[PDB]
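Asker: Please find one structure pasted underneath; my questions will follow.
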Amino acid sequence: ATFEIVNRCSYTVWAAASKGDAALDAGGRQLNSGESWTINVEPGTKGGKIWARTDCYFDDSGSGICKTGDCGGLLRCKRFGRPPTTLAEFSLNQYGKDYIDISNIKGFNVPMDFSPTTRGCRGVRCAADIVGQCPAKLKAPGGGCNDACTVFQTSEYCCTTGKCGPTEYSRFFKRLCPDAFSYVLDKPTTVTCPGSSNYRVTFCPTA
């Protein structure tokens, strides 16, 4: 499947794409404002994620650091990134269907739209000013708004027992972005698309 990743933010982001144990395509790339990066993702990919990283410094060899979303210091992400990261998540060709969602479960750093470019389903978006409005205890100094599990490491926020409810913190993400997951057991905002759809991820869609 084809993903076009578009940086509509006025600032540079470093896009990342991974399925947790492997890069998707090149795994990451700098996107200046307006730049678009087209990647190919193998059919059947389960548990892929795309995210933006902010304020990265890399050297010749692709090693460095980002203030949000860093994936072990690599330009080309092999693993997932450090919160806070707004997440585009997808599982492709699962019994004939693609499944996509946006998640604030690992916090929020950049606004995002995640839409099909082919027919038969709708897109989802989380484009509210979650960083500006972020509760004081969840603000990340690097930028971004952490989720409560990252910050506090409790069974309730991390849903470690498989039982947990919404919290003051999850409701904040949910109030600003109803179409994104706000905690592990949120009512699913997953969208079902035809198998083998293609997609566009736009950072800062309303910029």
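In chain A, numbers come from Swiss-Prot; the residues present are 23-229, in order.
Note: Cβ is positioned from N, Cα and C throughout, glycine not excepted.
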Asker: Going by Swiss-Prot, which one of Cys156, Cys180 is joined to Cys167 by a disulfide bond?
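Answerer: Matching partner in the record: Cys156.
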Asker: Using the record from Swiss-Prot, pick out the residue from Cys88, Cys99 that is joined to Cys93 by a disulfide.
Answerer: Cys99
Asker: Which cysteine out of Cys88, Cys181, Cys186, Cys199 is the one Swiss-Prot pairs with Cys148 in a disulfide?
Answerer: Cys199
Asker: If we check Cα distances from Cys78 (disulfide bond), which of the disulfide-bonded residues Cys31, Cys171, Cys180, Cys199 wins as closest?
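Answerer: Its closest listed neighbour, by Cα, is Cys31.
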Asker: State which of the following disulfide-bonded residues has the fewest other Cβ atoms within 10 Å around its Cβ: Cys88, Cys143, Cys167.
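Answerer: Each of the disulfide-bonded residues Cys88, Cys143, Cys167 was scored; lowest Cβ tally within 10 Å is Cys143.
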Asker: Taking just the CA atoms, what is the gap between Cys93 (disulfide bond) and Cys156 (disulfide bond) in Å?
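Answerer: Approximately 23 Å lies between the Cα of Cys93 (disulfide bond) and that of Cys156 (disulfide bond).
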Asker: Three states by DSSP: which one describes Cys93 (disulfide bond)?
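Answerer: Where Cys93 (disulfide bond) sits, the three-state DSSP reduction gives coil.
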